[PDB]
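Asker: Before anything else, here's the structure in question.
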Amino acid sequence: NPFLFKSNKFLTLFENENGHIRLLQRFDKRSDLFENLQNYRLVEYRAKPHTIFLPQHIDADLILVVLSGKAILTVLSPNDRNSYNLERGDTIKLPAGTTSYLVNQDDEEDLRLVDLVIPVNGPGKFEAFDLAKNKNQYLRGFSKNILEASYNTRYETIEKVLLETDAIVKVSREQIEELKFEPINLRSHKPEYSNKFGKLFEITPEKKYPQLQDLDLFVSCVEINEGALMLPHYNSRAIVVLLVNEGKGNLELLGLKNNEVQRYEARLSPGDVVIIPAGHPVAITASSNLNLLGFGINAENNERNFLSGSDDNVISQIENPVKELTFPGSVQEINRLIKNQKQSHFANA
Amino acid sequence: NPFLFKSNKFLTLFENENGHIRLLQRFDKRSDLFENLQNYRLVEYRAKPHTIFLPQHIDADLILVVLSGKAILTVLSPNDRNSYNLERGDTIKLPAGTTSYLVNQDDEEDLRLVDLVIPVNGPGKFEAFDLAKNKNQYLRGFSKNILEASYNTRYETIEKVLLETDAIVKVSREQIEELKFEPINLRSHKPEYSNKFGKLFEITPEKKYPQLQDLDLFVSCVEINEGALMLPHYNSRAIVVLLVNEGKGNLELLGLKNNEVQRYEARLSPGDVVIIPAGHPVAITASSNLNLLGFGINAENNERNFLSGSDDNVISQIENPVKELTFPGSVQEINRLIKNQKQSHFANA
Amino acid sequence: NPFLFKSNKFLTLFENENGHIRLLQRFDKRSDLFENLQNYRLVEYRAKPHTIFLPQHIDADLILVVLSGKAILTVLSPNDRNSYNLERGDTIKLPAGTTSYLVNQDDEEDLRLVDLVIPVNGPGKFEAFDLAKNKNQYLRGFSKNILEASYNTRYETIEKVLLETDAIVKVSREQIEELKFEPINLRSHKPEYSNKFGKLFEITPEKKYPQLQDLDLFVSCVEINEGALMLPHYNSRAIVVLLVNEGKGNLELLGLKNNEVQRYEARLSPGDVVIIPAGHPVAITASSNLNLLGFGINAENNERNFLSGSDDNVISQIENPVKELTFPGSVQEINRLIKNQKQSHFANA
């Protein structure tokens with residue numbers, strides 16, 4: 001099953017008392033096949049309460065998605081600063097080469113992020129430059145003679161004041177309090193699909209979401225209730241990177257052997273990733289409340305074609321005389337069978 | 001000769017009494033060189049009268065070109081349906097992941113298509129998903145427990161009504177009759193070039209052809225009469241995939257050894273493909289009436305520079321004192337020689 | 001040091017009494033890493049006074065930058081001609097597949113160009129087609145029977161008048177005199193940065209520079225005075241191809257081993273090229289007056305973040321309580337240290 005990236009394919013870049021940063025394997029490492037996803041990666045970020053992710057710049061456009069917790073993200077330009085209050089379901093673009101830091105101002109609740117990483121330098125090449133003091137503070141890379149001229153300060157002072165502590169450090173109540181375009185929330189609009197059985201929330205390329213147009217990207221939240229099914233469908237255009245945010249379930253992804261059809265099975269678990277390539281029929285069942293985050297690559301004009309249920313059911317659209325010829329049953333047996341599923345998009349499993 | 005793809009490089013995907021579908025080799029298989037054409041393929045489609053190409057979706061934008069015959073193409077969205085009457089010289093975009101079917105409603109005449117295939121999933125990766133009942137009907141890939149919940153019908157009935165016949169099947173007079181943006185025809189406008197000897201019809205990127213802008217594509221029809229020559233020229237920007245639709249002839253494509261100049265020769269025949277990379281001078285002669293279809297990749301601002309004849313002759317544009325220095329003859333000998341070819345674009349061979 | 005392409009990595013395509021044309025190695029040859037620069041090359045052009053670069057077309061968009069001298073560039077369309085007066089600091093797009101020739105009309109001063117080459121046919125594949133008479137005049141590639149029909153002239157005359165001299169030939173005072181959108185000069189606007197120590201001139205993607213938007217490109221001129229330093233900075237988005245036009249100096253480019261930080265050192269000399277990938281901190285010192293030309297790939301919204309000096313200093317933008325936590329010193333020691341460098345962008349070394 002090449003479409004399944006289990007949670008352990010997340011390489012820990014950094015772990016301590018206060019949080020962890022994990023990067024998912026290059027999609028195009030294990031097999032070719034995702035040569036079109038070669039310039040995307042996922043990062044999981046988790047931080048304990050009253051913590052700060054210290055000044056760093058990454059050589060990638062990032063789309064942040066907050067799964068849990070509350071953050072102040074501060075983004076620096078050369079001559080300017082902007083900070084954004086981040087909530088559950090908030091997404092924002094953290095552009096390439098922006099020095100930024102990330103406060104978890106909540107008192108009890110962990111901050112959990114997933115980032116879509118779009119590198120700028122080499123397809124999928126994740127590069128991070130640490131301004132603050134680590135083993136890897138980049139300012140230390142400059143020779144003494146460059147620093148001394150650069151800062152017009154004696155090296156010894158540059159060393160004592162700027163140069164010589166982990167990457168996510170505790171911040172105190174006084175520092176939090178003293179710290180004091182916009183995020184688009186997946187849920188501050190009516191869900192696209194909503195049902196006793198599930199809901200799908202989606203922000204897609206439209207004027208209104210100019211950044212999603214430019215990156216040609218959708219961010220979906222899919223909820224499947226215990227014992228429900230996301231009814232079979234394919235995306236017309238989009239390649240969906242599905243991260244399992246919470247819950248367990250199972251997934252039937254139909255592709256080819258890679259003209260024969262192969263069903264590709266995956267147990268689903270927190271932190272697991274599945275690629276659903278465009279046009280690949282997929283069915284999803286939750287054994288507990290399942291919360292999926294989807295990044296839809298090549299999103300413009302994407303279109304969920306369901307193969308059962310009343311809405312968004314492309315089979316319904318087949319003219320009757322062609323229905324007669326495409327399936328073994330009569331028009332009346334086919335139209336009746338298709339009416340037996342009263343639900344749309346989601347349903348009992 | 002790496003630029004010549006003979007008709008036999010078409011792999012038959014499907015053949016029966018009623019029609020055939022053929023896919024051309026990956027351009028970038030035999031040699032690197034066409035690394036820029038790696039995400040295009042050609043498909044030849046032929047179907048007997050009163051036939052239907054049953055519901056299928058392909059994971060590629062397709063540009064259909066009708067060479068012969070007449071079709072009703074029906075295109076399905078999740079909640080909508082559209083059918084288009086297709087004629088000789090009609091082109092239309094059949095977008096990725098659209099379930100569609102294709103009727104040949106003519107009584108006597110075969111329907112002949114060429115498709116440009118722009119895959120969505122892997123460069124040049126042709127993927128087709130069969131909704132109707134074949135060996136490869138994709139609905140069969142789902143486990144019993146998913147289908148039964150999905151359709152809310154007992155598996156046995158799903159099997160009898162939907163699941164369990166070729167890919168192009170006969171349709172009857174009653175079914176045809178009962179079956180009852182837009183296509184852009186290459187010829188419903190004045191041909192770009194027209195002459196006793198040949199004609200070139202062309203739709204190019206302009207506002208008016210928004211789809212050709214977006215795909216950055218031209219579709220040309222080139223006719224060369226028995227005993228005529230398409231006068232030497234190069235395209236400034238475009239990479240031309242030339243399919244021989246009917247007739248025989250010969251082609252001199254000048255490139256490099258791959259600073260030396262190599263003449264690349266090809267006998268030309270129905271179903272043969274030649275790549276003319278940008279800036280590569282080309283001359284074409286018909287031994288019978290030659291009908292070429294050209295797909296022009298990277299089309300925006302393309303520009304046919306002829307090297308002989310009165311119009312579109314870049315040599316004419318050389319200022320005289322530079323003419324003196326660029327060619328061995330005098331200004332008067334050069335301007336006179338260039339006047340000896342009264343014809344433009346096409347001429348006697 | 002993979003980022004340093006010494007002047008000798010320029011392959012001479014053509015040399016004689018009258019000038020030379022040189023092409024830089026494929027960036028992506030020696031190492032992967034510049035897989036994003038794979039479709040750019042640099043060409044150095046030098047020509048003696050009263051010389052013409054004879055009719056040729058290249059299968060690449062070219063951005064010409066005049067470092068020295070004065071030229072008349074004549075650009076041919078099929079039905080039209082345009083010539084541009086070119087001066088020190090003038091840049092112009094010479095589009096793919098345009099037959100063009102280049103006069104040095106100055107009497108004493110050599111014409112010196114650098115071209116950015118964006119090939120159209122194969123990533124980085126430099127292809128040149130010589131219309132005028134060389135070993136490699138492309139018109140000679142056509143068989144006798146094609147030329148005779150093509151020009152409607154006996155081959156012997158085609159041979160004597162058009163076919164059968166170097167690539168850059170002397171032109172006479174009478175021919176120069178007789179020879180008789182627009183160029184954008186780097187300096188016909190206030191320099192972006194200007195100082196006792198250096199200046200940076202820059203044309204970037206904005207409406208006004210539609211061609212730089214379309215190619216997504218900046219052209220910079222950077223001057224560093226003897227004994228001055230270009231203060232440490234990174235570009236947020238842009239990948240900078242830096243050509244040393246005149247002078248000597250030294251460069252500290254900080255990257256990774258390819259999480260550790262490596263300082264990448266280079267002596268700098270006329271004709272040397274350094275790639276500064278996005279987000280890679282860089283410091284530059286001149287030992288003589290240093291004149292750099294930079295082509296900035298992926299330029300849109302690029303942003304020079306300085307790490308010292310008063311303007312464009314991203315460290316300044318860190319809120320004080322986070323300054324406390326990111327560097328070992330106190331707020332007061334850090335803000336004071338950052339004030340010690342009064343200069344901006346450039347400074348004494």
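Residue numbers start at 1 in each chain; chains themselves are named A, B, ... in the order of the structure tokens; ligands are numbered from 1 in the order shown.
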Give me the residues near residue 211 (chain B) as a ChimeraX atom specification, where near means some atom within 10 Å (using only C-alpha atoms) and where sequence neighbours in that chain fewer than 6 positions away do not count.
Answerer: /B:63,92-93,181,204-205,217
Asker: How about saving the chosen residues, N, CA and C atoms kept, as a short mmCIF file (atom, residue, chain, number, x, y, z; two decimals), in the first residue's frame?
Answerer:
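Final output, selection00.cif:
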data_model
loop_
_atom_site.label_atom_id
_atom_site.label_comp_id
_atom_site.auth_asym_id
_atom_site.auth_seq_id
_atom_site.Cartn_x
_atom_site.Cartn_y
_atom_site.Cartn_z
N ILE B 63 -7.94 17.32 -24.57
CA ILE B 63 -8.46 18.10 -25.71
C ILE B 63 -8.80 17.11 -26.80
N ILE B 92 -12.72 20.25 -28.00
CA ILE B 92 -13.34 20.61 -26.71
C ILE B 92 -12.46 20.07 -25.59
N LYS B 93 -12.47 20.73 -24.45
CA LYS B 93 -11.74 20.25 -23.27
C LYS B 93 -12.65 19.28 -22.52
N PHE B 181 -16.40 25.98 -22.33
CA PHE B 181 -17.82 25.65 -22.63
C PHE B 181 -17.95 24.85 -23.95
N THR B 204 -5.45 29.67 -31.27
CA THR B 204 -4.29 29.95 -30.40
C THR B 204 -4.74 30.61 -29.10
N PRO B 205 -3.87 30.66 -28.08
CA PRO B 205 -4.16 31.44 -26.88
C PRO B 205 -4.49 32.90 -27.24
N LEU B 217 -1.85 26.45 -25.14
CA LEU B 217 -1.95 25.38 -26.15
C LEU B 217 -2.53 25.97 -27.43
#
Asker: When DSSP is applied to the backbone of this structure, which of region 147-276 of chain C are assigned helix (DSSP H, G or I)? Write them out as a list in words.
Answerer: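 Answer for region 147-276 of chain C, restricted to helix (DSSP H, G or I): residues 147, 148, 149, 150, 151, 155, 156, 157, 158, 159, 160, 161, 162, 163, 173, 174, 175, 176, 177, 178, 210, 211, 212, 213, 214 and 215 of chain C.
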Asker: Using only C-alpha atoms, which chain C residues lie at most 8 Å away from chain B, written as a VMD selection string?
Answerer: chain C and resid 54 to 55 57 to 59 76 to 81 96 to 99 120 to 123 127 to 129 131 to 133 135 to 138 141 to 142 145 to 146 149 to 153 158 160 to 164 175 178 to 179
Asker: Any idea what's packed within 7 Å of region 24-26 of chain B, counting only C-alpha atoms, ignoring anything in its chain fewer than 6 positions away? Could you give it as an mmCIF file with N, CA and C atoms, in the first residue's frame?
Answerer:
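out17.cif was written with the following content:
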data_model
loop_
_atom_site.group_PDB
_atom_site.id
_atom_site.type_symbol
_atom_site.label_atom_id
_atom_site.label_comp_id
_atom_site.auth_asym_id
_atom_site.auth_seq_id
_atom_site.Cartn_x
_atom_site.Cartn_y
_atom_site.Cartn_z
ATOM 1 N N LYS B 9 3.971 3.003 -32.633
ATOM 2 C CA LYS B 9 4.280 3.373 -31.237
ATOM 3 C C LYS B 9 2.970 3.638 -30.520
ATOM 4 N N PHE B 10 1.844 3.548 -31.239
ATOM 5 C CA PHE B 10 0.510 3.560 -30.588
ATOM 6 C C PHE B 10 0.197 2.156 -30.066
ATOM 7 N N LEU B 11 0.138 2.079 -28.732
ATOM 8 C CA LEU B 11 -0.278 0.869 -27.974
ATOM 9 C C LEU B 11 -1.784 0.806 -27.952
ATOM 10 N N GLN B 38 6.881 15.629 -21.115
ATOM 11 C CA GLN B 38 6.730 14.379 -20.339
ATOM 12 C C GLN B 38 5.308 14.217 -19.819
ATOM 13 N N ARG B 41 0.377 13.051 -23.612
ATOM 14 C CA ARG B 41 0.218 11.824 -24.412
ATOM 15 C C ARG B 41 -0.835 12.112 -25.481
ATOM 16 N N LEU B 42 -0.867 11.290 -26.526
ATOM 17 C CA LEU B 42 -1.930 11.248 -27.546
ATOM 18 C C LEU B 42 -2.674 9.918 -27.418
ATOM 19 N N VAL B 43 -3.994 10.007 -27.615
ATOM 20 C CA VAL B 43 -4.936 8.860 -27.719
ATOM 21 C C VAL B 43 -5.630 8.967 -29.072
ATOM 22 N N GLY B 124 2.742 12.235 -17.362
ATOM 23 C CA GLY B 124 2.430 11.292 -18.455
ATOM 24 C C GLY B 124 1.674 10.035 -18.026
#
Asker: Do you have the CA of residue 165 (chain C)-CA of residue 125 (chain C) distance handy?
Answerer: 26.0 Å
Asker: Would you list the contacts of residue 187 (chain B) as a PDB file with N, CA, C and O atoms, in the first residue's frame, taking every protein, DNA or RNA residue within 10 Å and counting only C-alpha atoms, but skipping same-chain residues closer than 4 positions in sequence?
Answerer:
ATOM      1  N   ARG B  88     -16.434  16.995 -37.355  1.00  0.00           N
ATOM      2  CA  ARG B  88     -15.125  17.186 -38.038  1.00  0.00           C
ATOM      3  C   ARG B  88     -14.560  18.576 -37.712  1.00  0.00           C
ATOM      4  O   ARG B  88     -15.227  19.566 -38.006  1.00  0.00           O
ATOM      5  N   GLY B  89     -13.381  18.638 -37.086  1.00  0.00           N
ATOM      6  CA  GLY B  89     -12.656  19.891 -36.798  1.00  0.00           C
ATOM      7  C   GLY B  89     -13.064  20.544 -35.491  1.00  0.00           C
ATOM      8  O   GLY B  89     -12.477  21.616 -35.170  1.00  0.00           O
ATOM      9  N   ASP B  90     -14.034  19.962 -34.773  1.00  0.00           N
ATOM     10  CA  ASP B  90     -14.440  20.419 -33.418  1.00  0.00           C
ATOM     11  C   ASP B  90     -13.410  19.912 -32.409  1.00  0.00           C
ATOM     12  O   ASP B  90     -12.980  18.720 -32.504  1.00  0.00           O
ATOM     13  N   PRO B 191      -9.011  30.603 -42.625  1.00  0.00           N
ATOM     14  CA  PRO B 191      -7.723  29.981 -42.348  1.00  0.00           C
ATOM     15  C   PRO B 191      -6.619  31.035 -42.276  1.00  0.00           C
ATOM     16  O   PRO B 191      -6.700  32.009 -42.985  1.00  0.00           O
ATOM     17  N   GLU B 192      -5.628  30.789 -41.429  1.00  0.00           N
ATOM     18  CA  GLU B 192      -4.530  31.731 -41.122  1.00  0.00           C
ATOM     19  C   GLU B 192      -3.709  31.908 -42.397  1.00  0.00           C
ATOM     20  O   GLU B 192      -3.249  33.029 -42.666  1.00  0.00           O
ATOM     21  N   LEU B 200      -3.295  26.482 -43.524  1.00  0.00           N
ATOM     22  CA  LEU B 200      -3.142  26.203 -42.080  1.00  0.00           C
ATOM     23  C   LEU B 200      -4.254  26.915 -41.333  1.00  0.00           C
ATOM     24  O   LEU B 200      -4.376  28.139 -41.494  1.00  0.00           O
ATOM     25  N   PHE B 201      -5.036  26.135 -40.597  1.00  0.00           N
ATOM     26  CA  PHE B 201      -6.078  26.596 -39.651  1.00  0.00           C
ATOM     27  C   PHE B 201      -5.511  26.402 -38.255  1.00  0.00           C
ATOM     28  O   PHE B 201      -4.794  25.404 -38.033  1.00  0.00           O
ATOM     29  N   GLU B 202      -5.824  27.344 -37.373  1.00  0.00           N
ATOM     30  CA  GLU B 202      -5.153  27.494 -36.077  1.00  0.00           C
ATOM     31  C   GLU B 202      -6.088  28.202 -35.099  1.00  0.00           C
ATOM     32  O   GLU B 202      -6.632  29.256 -35.433  1.00  0.00           O
ATOM     33  N   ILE B 203      -6.267  27.628 -33.920  1.00  0.00           N
ATOM     34  CA  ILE B 203      -6.830  28.338 -32.751  1.00  0.00           C
ATOM     35  C   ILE B 203      -5.716  28.459 -31.735  1.00  0.00           C
ATOM     36  O   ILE B 203      -5.083  27.463 -31.431  1.00  0.00           O
ATOM     37  N   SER B 220      -3.668  23.183 -34.353  1.00  0.00           N
ATOM     38  CA  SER B 220      -3.583  23.540 -35.785  1.00  0.00           C
ATOM     39  C   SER B 220      -4.117  22.382 -36.618  1.00  0.00           C
ATOM     40  O   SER B 220      -3.982  21.226 -36.200  1.00  0.00           O
ATOM     41  N   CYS B 221      -4.718  22.706 -37.753  1.00  0.00           N
ATOM     42  CA  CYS B 221      -4.951  21.786 -38.891  1.00  0.00           C
ATOM     43  C   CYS B 221      -4.085  22.294 -40.049  1.00  0.00           C
ATOM     44  O   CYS B 221      -4.249  23.481 -40.420  1.00  0.00           O
TER      45      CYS B 221
END
Asker: Quick one: residues within 10 Å of residue 248 (chain A), only C-alpha atoms, excluding same-chain residues fewer than 3 positions away - as a ChimeraX atom specification?
Answerer: /A:224,226,244-245,267-270,272,285-291
Asker: With only C-alpha atoms as the counted atoms, please give the residues lying no more than 12 Å from residue 106 (chain C), apart from itself and same-chain residues fewer than 3 positions off, as an MDAnalysis selection string.
Answerer: chainID C and resid 47:52 68:72 85:87 103 109:112 171:173 176:177
Asker: Pick out the closest residue to residue 39 (chain C) from this set: C:75, C:118, C:167, C:94. Count only C-alpha atoms.
Answerer: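 Closest candidate: C:118.
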Asker: Would you give me, as a ChimeraX atom specification, the residues in region 214-316 of chain C that DSSP reads as strand (DSSP E)?
Answerer: /C:217-224,228-235,239-246,249-256,261-268,273-276,282-286,290-297,304-306
Asker: Using only C-alpha atoms, find the one residue out of C:117, C:219, C:241, C:297 that sits nearest to residue 62 (chain C).
Answerer: C:117
Asker: Smallest atom-to-atom distance to residue 257 (chain A): which of A:227, A:64, A:293, A:1, using only C-alpha atoms?
Answerer: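 Using only C-alpha atoms, residue 257 (chain A) sits closest to A:1.
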